[PDB]
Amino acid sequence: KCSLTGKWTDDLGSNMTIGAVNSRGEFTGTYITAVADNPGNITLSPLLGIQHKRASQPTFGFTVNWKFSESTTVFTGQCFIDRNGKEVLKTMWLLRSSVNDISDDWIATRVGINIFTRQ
């Protein structure tokens, strides 16, 4: 079983810590990004998500509520057991910016990947 509980680093140098996974697959955590729109403002930020409970390589999603920006990032992906029996999260993300008017919604969503491994 691959599970999300524990400390992770992604390929950008960001680190996150994910707490215990409950009976419904729910979890909370913290995220410290290495990169940002304004790197001088980066603070620790909370995350909340759900993983599938029974699968050995479960898919999951989480939302990061950035404490230094009006932006939100969502991550979704799959917790894999790699060739060496080590856990790897392959994720894709959407980074949503706050726009002042619905008419500028088109500009507001960045997309990307991240690979996480244990710290």
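From 1 onward, residues are counted along the sequence shown.
Which is higher in the entry, the mean Cα B factor of 89-97 or that of 39-47?
The stretch with the larger mean CA B-factor is 39-47.
As stated in the PDB record, which stretch has the larger average Cα B-factor, 7-15 or 102-110?
Per the deposited B-factors, the answer is 7-15.
Criterion, highest CA B-factor; candidates, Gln78, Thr30, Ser71, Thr63
By C-alpha B-factor in the record, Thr30 ranks first.
Where does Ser56 sit by CA temperature factor within its chain: lowest, middle or highest third?
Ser56: CA B-factor falls in the highest third of its chain.
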